[PDB]
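A.B. asks: sequence, then the experimental structure. Questions to follow.
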Amino acid sequence: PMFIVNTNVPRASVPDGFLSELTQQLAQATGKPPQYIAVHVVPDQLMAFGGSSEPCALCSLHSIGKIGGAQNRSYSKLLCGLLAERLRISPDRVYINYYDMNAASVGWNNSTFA
Amino acid sequence: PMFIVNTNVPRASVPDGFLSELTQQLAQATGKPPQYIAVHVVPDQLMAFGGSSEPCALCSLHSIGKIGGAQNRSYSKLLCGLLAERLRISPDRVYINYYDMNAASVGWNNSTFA
Amino acid sequence: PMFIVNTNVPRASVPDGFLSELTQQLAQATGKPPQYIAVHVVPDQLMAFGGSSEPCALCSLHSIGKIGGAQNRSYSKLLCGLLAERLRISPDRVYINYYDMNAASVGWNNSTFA
């Protein structure tokens, strides 16, 4: 899975160990070994949520499988809990787009997950 | 909801108020309360459009409702005028990807819209 | 075609000519007019891959056609090749998402393709 977080929160508020924690949490959550998990955090973004520049985040989770109505509902719970606790962002100022990638459409090591 | 602009134009030339203006124009355009609208602007990006480095833009629009062939045509006129006027970007140097999102695949406030 | 590269490699390591290089080679690989291909590179990113912070890349290739099982496979060799050769990233620490874009859902110059 690939998890990306874009936020207007300044880099300095991102705690030491945040990428480590997202990896471990997401691995336990999707059931995938952590080795396949990529994490990208982008701090200091311009962005606005209701024409308001209060702390917010726009995230996305891509995965070959493990995406679904029930599943995504659990992930919002997990992910929004972390941004709240770790970065102090209100959950209702957080959007997370979920993507169910087809294996043939993910290139990895000079080829794709055929 | 969810509008992103990646551009090589300098940060110093993105007008203050650009985010609010986008917020308002999109609210009108999509008939979605401005409150549901999130906007992200990324200036100073490396990027190139047709081999060339003159100002260019790569945007994407994600909305649960309101996406579709004819509508997208209007979104393009609206978005191209805005970038051309506010950022001095030429309309032929702009791509905008449109994404109709299923409510189950969008998380907000500890849950998803399904 | 639009190609984005997100990597933790320092900006100072992106060789001059990299964007032209990618433009040239993608045009050839996809056989599409180079004047139509945008390239976006983003260095110095907070990324983790398999829990590690060693060099890695999260890329994307959006294209109206020219995308499918086999081609994605060759795009990967070519792309992972370039990245390894210029940015010294190991191909097994590179993910590339392929998005077969639907014309009508891509905006450019005040309208949409098809």
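C.D. replies: Structure's in. What do you need? Numbering: from 1, shown residues only, chains lettered A, B, ... in the order given.
A.B. asks: give me the contacts around stretch A:67-87.
C.D. replies: The set of residues that contact stretch A:67-87 without belonging to it, under CB atoms under 8 Å, 6 or more residues apart in numbering or on different chains, is A:3, A:5, A:7, A:9, A:13-15, A:18, A:21-22, A:25, A:29, A:55, A:57, A:59, A:61, A:89-91, A:94, A:96, A:98-100, B:104-105, B:107-112, B:114. For every residue, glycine as well, the C-beta is placed using N, CA and C.
A.B. asks: and chain C, which of those residues contact it?
C.D. replies: The subset of those within reach of chain C, counting by CB under 8 Å from any CB of the partner chain, consists of A:14, A:22.
A.B. asks: okay, and which of the contacts of stretch A:67-87 map to helices?
C.D. replies: Counted as lying in helices by DSSP state H, out of those, are A:18, A:21-22, A:25, A:29.
A.B. asks: and chain B, which of those residues contact it?
C.D. replies: The subset of the ones in helices among the contacts of stretch A:67-87 lying close to chain B, counting by CB under 8 Å from any CB, is empty.
A.B. asks: hmm, which of those are the buried ones?
C.D. replies: Neighbour counting with 16 or more other CB atoms under 10 Å in any protein chain shown marks A:18, A:22, A:25, A:29 as buried within these.
A.B. asks: any chance of the ones in helices among the contacts of stretch A:67-87 in TSV, plus distance to residue C:80?
C.D. replies: Output for the ones in helices among the contacts of stretch A:67-87, formatted as TSV (distance: CB to CB, whole Å):
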residue	distance to residue C:80
A:18	28
A:21	29
A:22	25
A:25	28
A:29	28
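A.B. asks: and which of those is nearest to chain C?
C.D. replies: The shortest separation between chain C and any of the ones in helices among the contacts of stretch A:67-87 is 7.6 Å, and it belongs to residue A:22 (by CB to the nearest CB).
A.B. asks: up against chain B, what does chain A have?
C.D. replies: Proximity of chain A to chain B is confined to A:6, A:45-51, A:53, A:56, A:58, A:67-69, A:72-73, A:75-77, A:79-81, A:91-92, A:94-100 under the rule CB under 8 Å from any CB.
A.B. asks: are any of these buried, and which?
C.D. replies: With burial judged by 16+ other CB under 10 Å, the buried subset of the residues of chain A next to chain B is A:6, A:45-51, A:56, A:58, A:67, A:72-73, A:75-77, A:79-80, A:91, A:94-99.
A.B. asks: distance of residue A:76 from residue A:30?
C.D. replies: When distances are taken as CB to CB, to the nearest Å, residue A:76 and residue A:30 turn out to be 14 Å apart.
A.B. asks: that'll do, ta.
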